[PDB]
Amino acid sequence: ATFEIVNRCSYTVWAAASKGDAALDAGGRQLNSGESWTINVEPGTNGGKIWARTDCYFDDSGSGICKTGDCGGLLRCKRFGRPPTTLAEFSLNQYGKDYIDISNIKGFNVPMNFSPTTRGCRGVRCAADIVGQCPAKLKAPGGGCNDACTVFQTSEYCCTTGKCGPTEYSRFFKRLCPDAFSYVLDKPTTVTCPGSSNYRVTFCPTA
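Under the deposited numbering, the letters of the sequence shown match residues 1 to 207, in that order.
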């Protein structure tokens with residue numbers, strides 16, 4: 001499957017793509033404003049994610065740091081990123097269907113649209129000004145709006161027991177972005193697409 005990753009933001013981002021125990025494609029790349037990066041994701045990939053990283057520095061070996069979304073200091077991510085990260089999430093070719101979503105369960109850094117580029121389903125978007133509106137207790141000084149699990153580390157926010165409800169913090173994310181997951185047991189906003197669809201992830205879509 002092909003994913004075109006487009007940075008419509010006015011600022012540079014460092015895109016990242018991983019399934020948690022491996023890179024997808026090259027795993028990460030710099031995208032200046034307006035740049036596009038097309039990656040190939042193997043069919044059957046389960047639990048893949050694409051995100052943006054902000055305010056990164058990398059040396060000539062591809063080692064460094066980002067203020068949001070850092071993946072163990074690597075330009076080419078093999079693992080998931082450090083919150084806060086708006087997440088494009090997907091599992092492909094699962095009994096004939098692909099499943100996609102946007103999640104704020106690990107916070108929000110950059111606005112995003114995640115849409116199919118082939119027929120048979122719809123896209124999702126979370127492009128409200130979550131960072132500007134972020135609750136004071138959730139604001140990440142390095143940038144972004146953390147989720148409440150990252151900040152407070154409670155069973156309720158982290159859904160550790162499997163039995164959690166919505167919270168004042170989850171409701172903040174959900175009010176701003178109804179089409180994204182706001183907590184683990186949110187009513188799902190997953191979209192079912194035809195198996196082997198292709199996609200576009202656009203950072204700052206309303207930019």
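We treat Cβ as the ideally placed atom computed from N, Cα and C, and that holds for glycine.
Rounded distance between the beta-carbons of residue j and residue i, thought under 8 Å
i      : j      : result
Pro84  : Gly107 : 3 Å
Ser155 : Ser170 : With a Cβ gap of about 14 Å, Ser155 and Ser170 do not count as contacting.
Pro135 : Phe172 : 6 Å
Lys137 : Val151 : 6 Å
DSSP three-state assignment for residue i, whether helix, strand or coil
i      : result
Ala148 : helix
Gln133 : helix
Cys159 : coil
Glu168 : helix
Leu24  : strand
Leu185 : coil
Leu75  : coil
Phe173 : helix
Cβ-Cβ distance between residue i and residue j below 8 Å
i      : j      : result
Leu31  : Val13  : yes
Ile50  : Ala1   : no
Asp59  : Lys67  : no
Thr202 : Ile100 : no
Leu185 : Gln133 : no
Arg82  : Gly69  : yes
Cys121 : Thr192 : yes
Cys145 : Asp179 : no
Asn198 : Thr117 : yes
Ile5   : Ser36  : yes
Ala52  : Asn109 : yes
Pick from the options that is closest to residue i, judged by C-alpha positions
i           : options                           : result
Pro194      : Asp147, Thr150, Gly123 and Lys163 : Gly123
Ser18       : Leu74, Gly62 and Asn104           : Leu74
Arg200      : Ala148, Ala207, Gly144 and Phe114 : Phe114
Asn104      : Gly162, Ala128, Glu42 and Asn93   : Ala128
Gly64       : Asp21, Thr150, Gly28 and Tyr157   : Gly28
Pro188      : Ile102, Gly62, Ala22 and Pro43    : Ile102
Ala26       : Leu138, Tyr11, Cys9 and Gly62     : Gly62
residue 208 : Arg76, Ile130 and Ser10           : Look at the range of the chain in this structure, 1 to 207, and you will see that residue 208 is not part of it.
Buried or exposed (CB count within 10 angstroms, at least 16 for buried), residue i
i      : result
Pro111 : buried
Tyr95  : exposed
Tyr57  : exposed
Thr86  : buried
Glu168 : exposed
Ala88  : buried
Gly165 : exposed
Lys174 : buried
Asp147 : buried
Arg119 : exposed
Min CB distance residue i to chain C below 8 Å
i     : result
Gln30 : Within the model displayed, chain C is absent; a lone protein chain is all it includes.
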